[PDB]
Amino acid sequence: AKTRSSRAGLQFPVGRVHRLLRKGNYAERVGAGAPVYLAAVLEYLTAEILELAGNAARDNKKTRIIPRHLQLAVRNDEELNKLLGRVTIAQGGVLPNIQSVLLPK
Amino acid sequence: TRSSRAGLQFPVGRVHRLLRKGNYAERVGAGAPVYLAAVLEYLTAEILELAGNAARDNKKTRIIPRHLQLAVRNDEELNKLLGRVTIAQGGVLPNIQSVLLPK
Amino acid sequence: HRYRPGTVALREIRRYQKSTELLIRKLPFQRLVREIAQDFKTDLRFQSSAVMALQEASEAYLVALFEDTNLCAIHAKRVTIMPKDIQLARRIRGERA
Amino acid sequence: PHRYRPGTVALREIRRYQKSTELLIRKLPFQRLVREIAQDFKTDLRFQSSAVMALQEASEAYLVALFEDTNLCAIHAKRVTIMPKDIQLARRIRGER
Amino acid sequence: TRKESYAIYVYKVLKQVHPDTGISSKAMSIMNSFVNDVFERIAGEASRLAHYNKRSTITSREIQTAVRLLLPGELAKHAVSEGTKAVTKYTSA
Amino acid sequence: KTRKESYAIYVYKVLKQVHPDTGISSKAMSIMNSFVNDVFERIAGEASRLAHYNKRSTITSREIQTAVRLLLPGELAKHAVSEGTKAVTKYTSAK
Amino acid sequence: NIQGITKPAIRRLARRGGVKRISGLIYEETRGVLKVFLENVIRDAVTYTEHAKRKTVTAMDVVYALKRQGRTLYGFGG
Amino acid sequence: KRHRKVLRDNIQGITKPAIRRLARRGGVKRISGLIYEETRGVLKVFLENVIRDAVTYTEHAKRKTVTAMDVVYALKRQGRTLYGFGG
DNA sequence: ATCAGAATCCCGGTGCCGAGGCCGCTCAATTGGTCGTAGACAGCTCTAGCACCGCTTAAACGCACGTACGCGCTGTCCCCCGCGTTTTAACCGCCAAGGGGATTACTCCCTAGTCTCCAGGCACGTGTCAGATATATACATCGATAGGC
DNA sequence: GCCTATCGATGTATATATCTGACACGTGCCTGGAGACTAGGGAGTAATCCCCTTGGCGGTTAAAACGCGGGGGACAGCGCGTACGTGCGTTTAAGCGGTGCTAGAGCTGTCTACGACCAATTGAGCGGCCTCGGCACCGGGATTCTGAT
């Protein structure tokens with residue numbers, strides 16, 4: 001368990017995050033605890049999106065998450081759609097939505 | 001001083017220092033602050049010229065936030081540049097839709 | 001004598017688009033700011049300039065929203081602005097979910 | 001004979017295309033248009049196979065969102081047809097010019 | 001050439017959340033871009049916050065407050081919790 | 001007390017250049033200072049991102065030129081670019 | 001005290017916006033919109049203040065929060 | 001006939017059924033007839049902005065080929081971040 | 001087309017405090033020198049972007065007809081608007097605590113920086129399984145028909 | 001004037017069958033991360049000064065609030081006619097396979113100017129303090145809009 005990610009209990013890297021912070025000119029002295037926190041946050045968000053997209057894949061009888069499933073997961077959820085609202089997912093399409101005025105009677 | 005050497009009134013040295021303490025890049029070239037100061041001076045001159053023209057049209061001899069707002073919103077390019085800015089104590093440009101006016 | 005419905009309205013539009021003052025009253029807005037803030041952290045002090053800036057931003061935002069609302073009203077061949085107009089204007093801007 | 005009515009086939013088209021990720025503008029004409037829009041800014045310019053595809057994806061995403069806003073402006077004015085006034089309003093409220 | 005990506009880490013997270021579900025190369029290319037974008041947003045907010053307070057360091061706290069500012073309410077409240085867990089049991093060892 | 005800096009004198013010299021007899025109020029002074037700061041940070045962040053994009057570590061005049069071309073509008077990015085090039089040229093001419 | 005934003009105040013705000021005639025239901029909608037706006041802009045000012053070990057919400061915090069939401073305010077400290 | 005062809009202006013190459021298809025993905029039931037030459041102009045303007053920014057990116061790097069990263073950067077400079085095509 | 005008559009313009013006197021100078025001072029910019037990484041510059045490889053033709057084939061185009069949606073008109077109504085009147089609290093002017101922001105100096109631990117060492121991380125090459133794609137089914141959506149009720 | 005049986009017209013969804021192309025997994029390697037250690041300054045601490053927000057009082061005015069009449073606009077209904085949808089047959093060009101070339105991306109290696117740091121010096125620039133003129137105002141006339149004659 002020599003890796004910092006092992007001590008942090010995260011799958012996302014901590015050394016890579018620290019290197020990116022240092023070489024990104026974000027500040028002149030990156031703290032030792034910042035990479036762990038940021039890696040944990042990114043892992044949390046990735047897990048949230050992936051778990052929401054896999055449910056859509058299951059509902060569509062698919063064993064592979066394609067961009068459609070990611071689009072459905074992000075746009076359906078209110079918080080993710082708020083964070084990723086003004087962002088385009090390539091080959092994601094649009095949410096099915098037809099409005100009451102247009103439907104026939 | 002580099003400001004006189006560059007033929008500017010804006011501060012080249014302070015622009016260099018601010019580019020340096022802002023973490024923008026590890027290294028800052030010699031010509032970057034001169035160019036940035038020249039561009040800033042040109043933009044300031046443009047805004048001040050239009051604002052002073054507006055103040056003269058209003059007979060005010062001192063530019064006030066209202067004149068700055070009028071100058072910015074009357075010029076298309078400056079309005080695009082300052083398009084999501086809200087100049088304090090500036091007001092709104094006079095505009096009433098034709099439908100609202102009586103026939 | 002009396003003025004017809006609409007003419008003094010035009011006079012007020014020509015009056016208030018010509019000034020640069022703050023239309024909302026200062027003290028009620030101050031109280032609103034503090035009661036909103038208390039929901040996040042208790043007993044927060046405010047710099048006078050902080051509330052002044054908040055008021056200026058709020059008036060600017062509301063005036064721009066009312067401009068969009070008026071455009072929406074004119075779209076429907078109406079001169080009255082209605083809540084649906086504000087809803088449409090805020091939505092198109094993406095401000096409303 | 002069998003004759004569907006104004007708007008009956010349209011709804012099936014909406015359901016079909018809203019369920020698909022396919023790129024609804026054909027690639028070659030859009031590529032040509034991209035190159036000639038790029039040729040006013042700089043001559044002797046080449047494009048990768050993926051740059052044009054990214055441009056097209058962004059373009060139809062933008063246009064689809066704009067058409068959603070246009071339909072909603074149309075419904076605002078008690079209409080089902082989307083007209084150029086609707087697009088102009090839906091781009092004015094969002095600040096684009 | 002030599003190129004780096006987050007793909008393997010996203011795939012391990014996938015195996016945790018959904019051990020039986022796979023992912024395409026395009027979905028992975030989208031998830032990697034998402035991770036990078038969120039990284040840049042949070043890091044830039046933290047850097048600006050350090051600049052505001054005349055500081056010169058990005059600590060775990062500045063990341064916490066950038067998370068609070070950026071992420072929505074519920075996502076922010078869960079992300080701060082799990083990040084605090086990670087940092088506290090990292091510093092424990 | 002503290003020691004604060006502002007772009008208040010240089011703006012006041014540019015004002016004398018454009019309009020020799022016009023003045024500026026304190027609120028307008030602060031507004032112009034905020035404008036200068038905002039433009040500075042915009043054109044510096046754009047240059048920093050451009051340097052990062054090309055695996056670059058130095059912010060030189062070329063980055064500032066291209067950032068002024070990306071950020072500023074069509075006709076306002078022409079006179080500004082010419083002025084910057086002139087300033088750089090005459091600065092490098094003199095020692 | 002959201003009712004403190006009086007009907008005539010909203011009417012004046014509408015007149016400065018070019019509105020000629022206002023429905024009677026506009027006022028509550030405007031008050032709600034203003035409350036959401038203020039909540040959004042103060043939840044960030046209070047965070048900028050909490051991170052600083054300050055109990056006073058300065059104009060700089062408000063300016064930073066407003067700039068963060070794409071609303072740059074000139075003249076109040078920036 | 002076996003002489004030459006019209007050489008259509010290619011902003012017309014974005015044909016009527018293509019614009020109609022885009023509208024139908026947007027949830028539009030009925031469409032006007034004057035909304036095609038307006039959609040063409042809107043798309044053209046959008047492309048001019050994005051391509052000008054991406055060609056500035058390309059020129060700064062001293063390249064003759066417009067990379068996908070240039071397009072992504074140009075889009076992200078305008079609040080239109082594109083996921084999946086680089087970055 | 002016309003008057004009287006509210007409501008902004010126009011003008012002169014007043015006068016208050018903020019903009020515009022002038023000074024003392026310090027700390028930040030400038031000059032001069034040295035050193036080291038970094039970047040323009042030459043060179044070579046070969047990836048992939050450029051045009052074209054050939055061939056298929058589904059989308060696009062042109063045209064006809066019919067229906068329904070848009071637009072103008074009319075009429076009823078109610079709900080806003082403009083004025084008067086009475087009520088409320090915002091504004092301001094002043095004084096006064098005292099809580100909290102900003103400084104100061106001291107001090108210790110956290111982070112950059114260096115060197116060594118090796119295991120995590122992807123390119124490359126791979127086998128096979130999810131999914132594209134079918135055409136078959138079987139079953140709904142939908143005028144159109146014409147029956148009483 | 002229904003709306004309810006019912007047609008035969010098309011569309012969608014679901015069923016099993018066989019491929020491929022792209023997705024997992026493994027292999028070998030190396031470049032970046034981990035483990036030592038150092039020096040040093042950035043952040044935390046306590047302590048002090050003093051601005052500055054808070055709350056209180058009183059007065060006075062403006063503004064907000066409530067009520068009224070009435071007229072102008074929102075809304076429903078109706079009719080007309082042109083535009084848009086839908087289907088047919090025919091024509092056009094996109095899509096994918098070729099062909100061939102070569103410009104240009106991307107790598108290494110070189111080396112030398114530009115810049116990063118330090119130290120000593122000095123003057124630009126900031127604040128203290130001061131003053132004089134301009135603008136907000138106040139009230140008085142003329143003016144231009146107007147509102148029913």
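Think of each number as a place in line: the chain as shown, counted from 1.
Determination method: electron microscopy, 3.1 Å.
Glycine residues also receive a Cβ, built from the backbone N, Cα and C atoms like all the rest.
Quick look at what Swiss-Prot lists:
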type: CROSSLNK; residues: G:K7; note: UFM1 cross-link
type: CROSSLNK; residues: G:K67; note: ubiquitin cross-link
type: MOD_RES; residues: G:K7; note: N6-acetyllysine
type: MOD_RES; residues: G:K7; note: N6-propionyllysine
type: MOD_RES; residues: G:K7; note: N6-succinyllysine
type: MOD_RES; residues: G:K20; note: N6-(2-hydroxyisobutyryl)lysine
type: MOD_RES; residues: G:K53; note: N6-lactoyllysine
type: MOD_RES; residues: G:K53; note: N6-succinyllysine
type: MOD_RES; residues: G:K55; note: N6-glutaryllysine
type: MOD_RES; residues: G:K55; note: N6-butyryllysine
type: MOD_RES; residues: G:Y64; note: phosphotyrosine
type: MOD_RES; residues: G:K67; note: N6-butyryllysine
type: MOD_RES; residues: G:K67; note: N6-glutaryllysine
type: MOD_RES; residues: G:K67; note: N6-lactoyllysine
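The structure, with features from Swiss-Prot marked on it.
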residue : record                         : Cβ contacts under 8 Å, 6 or more apart
G:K7    : UFM1 cross-link                : G:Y27
G:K20   : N6-(2-hydroxyisobutyryl)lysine : none
G:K53   : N6-lactoyllysine               : none
G:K55   : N6-glutaryllysine              : G:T49
G:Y64   : phosphotyrosine                : G:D44, G:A45, G:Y48
G:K67   : ubiquitin cross-link           : G:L73, G:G78
Taking Cβ atoms only, which of the recorded positions G:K7, G:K20, G:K53, G:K55, G:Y64, G:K67 fall under 8 Å from chain B?
G:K20
Considering only CB atoms and a limit under 8 Å, which recorded positions from G:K7, G:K20, G:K53, G:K55, G:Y64, G:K67 lie near chain E?
G:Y64
